[PDB]
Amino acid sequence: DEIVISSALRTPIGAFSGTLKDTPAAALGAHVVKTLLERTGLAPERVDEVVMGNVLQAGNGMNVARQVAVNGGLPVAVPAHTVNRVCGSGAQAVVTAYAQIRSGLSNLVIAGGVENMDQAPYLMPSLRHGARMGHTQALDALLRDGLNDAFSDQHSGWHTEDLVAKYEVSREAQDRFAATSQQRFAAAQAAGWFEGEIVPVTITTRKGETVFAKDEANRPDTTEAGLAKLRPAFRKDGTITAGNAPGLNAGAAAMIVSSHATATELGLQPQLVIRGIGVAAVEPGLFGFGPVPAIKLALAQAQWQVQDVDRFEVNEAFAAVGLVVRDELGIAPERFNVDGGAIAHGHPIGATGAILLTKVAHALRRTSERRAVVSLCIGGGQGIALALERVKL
């Protein structure tokens, strides 16, 4: 009856123009899936479906999920499809898996997400049928398909300044939150707390192989004083900066989704039980609020109250989004993004939801905490949340 997550694994997260800049999103997912199969010893024929989140599908080739599955070493008989709920896509893949299992379409699904923002191409809308006369634009696909609202064409960061204004989120509070994310992430990383969830990727370049084993996007030297000096990135009188938002990152995460009975039968070690799912939508312009209704839905399904939850893992799309969700729900600061968030480690859009589920799977194992919520705000005005309970042993 219970649907469980087993063997959650992720790549380290690459910086913009960083170690993963030449490695397609689909190749990162294939690497995690191959490693997952090697470590679990799961019979590849027991995989009924591969579901992968991917937002910037432009130029990635036919059906990213099918490339992840086949290049990950699964038999050609394993079906696969790609899901896009923007920032929530990596968590959506796990919700899709849950729905397939609960509806009887699948017994075991490999679910996750992939993204590489460097690898997003430029688009030429006028090249097919011609520009005819006069200058024409080449669009950055990461803005057109990933970060700009589809209704306004304004950046997500520009819209988030209206969330800042509505909830009176001070520059000082955003920079305090951002510095704390960096400090928490650096301490956890140094303590080895992310080694269990990370699978190394070997990158071959010119006359070199480089073993990419550790998240590279974080800035342990970040201070409130340093952050206060940065210029607003999206509006002249704004509060959001390069320092209180994540970068343009690359990575992949994947996990096994099955009934508890299926996991036990196949000698898997379940990490989390899915106790509740929430998917909600709000005004595109206030998309940072999306986690609030989504979390309420997930908690209602789990029959939990906010104060019953050991940790909330809410995507740091902006420091401002973290603060609005934490403060609106009255979550204790010590229980909110406990080991740091995307401001430190990065936001590889379509993978981030799978990365946060992976983080919580390993954090509950280490701490013996019982109850967690993963939630992400979603460009276009949506929210996704999963209520998750540790499985013992």
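All residue numbers refer to positions in the sequence shown, first residue = 1.
J.: Going by the average Cα B-factor in the PDB entry, point out whether 238 to 246 or 85 to 93 comes out higher.
T.: Higher of the two, by average CA B-factor, is 238 to 246.
J.: Comparing 197 to 205 with 312 to 320, which stretch shows the greater average C-alpha B-factor in the deposited entry?
T.: Between 197 to 205 and 312 to 320, it is 197 to 205.
J.: Going by the entry, which of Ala191, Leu272, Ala111, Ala298 has the most elevated CA B factor?
T.: That would be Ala191.
J.: For the C-alpha B-factor as written in the entry, point me to the maximum among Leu143, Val76, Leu230, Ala253.
T.: The record points to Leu230.
J.: Could you tell me which third, lowest, middle or highest, the C-alpha B-factor of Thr19 occupies within its chain?
T.: Middle third, going by the recorded CA B-factors of the chain.
J.: When the modelled residues of the chain are sorted by Cα temperature factor, does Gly353 land in the lowest, middle or highest third?
T.: Its C-alpha B-factor, which the entry lists for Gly353, ranks in the lowest third among residues of this chain.
J.: When the modelled residues of the chain are sorted by Cα temperature factor, does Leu393 land in the lowest, middle or highest third?
T.: Within its chain, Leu393 is a highest-third residue by C-alpha B-factor, going by the deposited values.
J.: So where's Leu329 on the chain's Cα temperature factor ranking, which third?
T.: For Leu329, whose C-alpha B-factor we compare with every modelled residue in the chain, the answer is the highest third.
J.: Comparing against every modelled residue in the chain, figure out the third that the C-alpha B-factor of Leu364 lands in (lowest, middle or highest).
T.: CA B-factor rank for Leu364: highest third.
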